[PDB]
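What follows is one chain in structure tokens, specifically the form deposited in one PDB entry.
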């Protein structure tokens, strides 16, 4: 007579309830109900909860206090015809659905796995309209990841306690992430600032208009004196030279809006524009999502549904007008790549209209809403001017720009050279030398590290945040003034791992393991075979590391005296 639906949080249960008829009964497991504990060694296998030596047999256990929840689901599941696992759409979500089906038990046919990337009326109806089945491959991909992380963490760390210090930790991806910071910390430590000069000139057009120029070439070669003498010498020539205009290339340019956000880009924009850290951004993104205000916050897809594009184009026509609406929609699909960007669930809901959301949560929505609306508006137009000037053997230039049509920038908050013809004489009024110095590489920010992680194909929309968090409370790196700093212990452990766990620390291999995980999720590889391969390369590394250093083993945090 009735159906039972299960979600992972009360917040998600409340929102989805508003869209499910009387035939359905929503219930939230209130978190993960079951999971792992909080050549061979029964002692090690028990602590890990997985057995690399008996074809990866696992020992999952119902989490503390959640035993009341199981019974809550159990008895509830019997007074129902069908059971719907409406956990989030990601692999982690697929595995949580699995654990739910396992615990409650029952014929596999009593279960369905619904997928949706936003909690709205029409998204909920279609999700339960054409329900799906649990996908064991995605579940196996998720456990594969969980098993190798456990292996690395529980088997490397003990070597580190013995070789380096007690309490240390090792992380499959985390240690690779720390490597990037350590390398960046070193580049900076060895950087040598270099001196170079620049010369500016103030002139007067024939009218009397002021014109500022920068010296670009001398003898047709790029101008860049490296000291104080060279500049004065150049300055001394520029003082007697006759200045004249020799081209006014007036060219029309445009700026295009960015694509709708994906996990990584949201984090960077939120951090750079709103000063939000990765943890903060993802926690608020989640609440907006579970509140039904935005699409799933874990994605690497910039695709937008026809419906979403139709609703926003409508908003653009009504609120901005025809000159802001492109002829055809901007397209940034099918079987693969069938997800969506982070966009509001209803373009007609303004940040100021969010009910149960805090100030910064509304601000994040605004940033998301603006990016979304802008991505579907026309480009902005400018008329760029470039004045090249000649003076003796020198060449100087001045650039200028005038806005002609705001286009997409209209939905963003509210925010020029004189007239001269080729051949006009400019009067020199003043010359101004300026000394500068090459700066060192920028320090990673929480988000810009994720950015670097993404381009190296190391992270994953659903792991970036955890990766940033997990490497901070361990003494390897620290964030000071919102920037990363490598700690001495971070370098100590990093050099050790690169020396005795090369494959594990290699970027390409780490990015490759993500591909391998995708092949599992796509039934192109079998999770256990993939795990056996990983363990094989791992233990060979580990066995070598545990040996005395005189036999090539890991270096202890030594430093001995004359004796």
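Rigid core (definition): largest C-alpha set, two forms, superposition within 1.5 Å. Numbering follows the first chain given and starts at 1.
The same protein has a further form, the form deposited in another entry, not shown here; the description that follows concerns it.
Q. Of 274, 309, 188, 237, which one has a Cα that moves 2 Å or more between this form and the one not shown once the core is lined up?
A. The answer here is 237.
Q: Could you check whether the CA atom of residue 434 moves 2 Å or more between this form and the one not shown, using the rigid core for the fit?
A: Yes, the C-alpha moves 2 Å or more.
Q: Please say whether, between this form and the one not shown, the C-alpha of residue 125 moves by 2 Å or more once the core is aligned.
A: No: residue 125 shifts by under 2 Å between this form and the one not shown.
Q.
After superposing the rigid core, is the C-alpha displacement of residue 228 2 Å or more between this form and the one not shown?
A. Passes the 2 Å threshold, so yes.
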